[PDB]
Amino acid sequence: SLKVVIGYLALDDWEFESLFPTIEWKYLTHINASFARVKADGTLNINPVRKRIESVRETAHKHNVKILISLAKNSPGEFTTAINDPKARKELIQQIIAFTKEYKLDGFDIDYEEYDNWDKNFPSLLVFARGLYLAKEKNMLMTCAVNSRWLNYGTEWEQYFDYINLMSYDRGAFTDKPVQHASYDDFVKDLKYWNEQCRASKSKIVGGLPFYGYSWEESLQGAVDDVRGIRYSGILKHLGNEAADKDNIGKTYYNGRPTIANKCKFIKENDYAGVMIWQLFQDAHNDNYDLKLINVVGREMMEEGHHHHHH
């Protein structure tokens, strides 16, 4: 039960060409290649990953890191349509298992985020999850990216997944008011929710970590996206290296090194499965190597507990 470090890798990220060669594989156990998009008819839009999936797979495997294909909605409501429609649902299940097998991947990750009428659609989602599990091959890993506390997943969902990755971030971030989107408090409560309420074994609960934040600084409007999002790399660039050891400077809130470490430590101290990251490319660049968040994760998850004699 060694800790896992599941890193999301967006194969269509604008920084791919420049940053792919710098991925710190020694601090990863798995990578989720994102995303194969789910269409309403149960088929997949693999344009975001088709051209790079094979190369990433070979590179990951060469470094002894597993690779899974992550699946998200093609557009608003398409994933919901796919699972509520019986034939589409069965098609989607086949598509997923096929893609995984064909591309010789280590498994698949389900990132379902259709929040409209959540409880009404959940039974169908659960049926989809069970069907996926029953249809998958033995060796295939099956994981999911999930919310905690504000959405109910019940107590049956748990059983079908090898890893349940908590998206403990983006809380209260979509308003005109500055706030910490991924607090330590909410991370701890999210974990407790999944172990105690969803009855998921701690050995499969994975705490999600953000390598980005949000800024409400007027002066940074030219450095944040449509939702005020800004990568850790952009934070250090615009706010200076002192930002690496804080969660906030002015009206910019994110997860700095101390907090990333504190989250990893809680995972370790309370026997959780490990951590997940969204997303690897948002980390600092080699010009700020020593300040990278992945290294904080590496020190806490691979080294702090790995020490042995006869070095």
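All residue numbers are counted from 1 along the displayed sequence.
Higher mean CA B-factor, judged across 205-213 and 80-88 from the recorded values: 80-88. As listed in the deposited structure, the average C-alpha B-factor of 107-115 and of 216-224 is greater for 216-224. Highest CA B-factor among the listed residues (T143, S168, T175, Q180): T175.
Going by the entry's values, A135 shows the largest Cα B-factor out of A135, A72, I235, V188. Ranked against the other modelled residues of its chain, the C-alpha B-factor of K263 as given in the entry falls in the lowest third. In the deposited entry, the Cα temperature factor of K192 sits in the middle third of values across the chain's modelled residues.
In this PDB entry, the Cα temperature factor of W157 sits in the middle third of its chain's modelled residues. Sort the chain's modelled residues by C-alpha temperature factor and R257 lands in the lowest third, per the entry. Ranked against the other modelled residues of its chain, the C-alpha B-factor of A33 as given in the entry falls in the lowest third.
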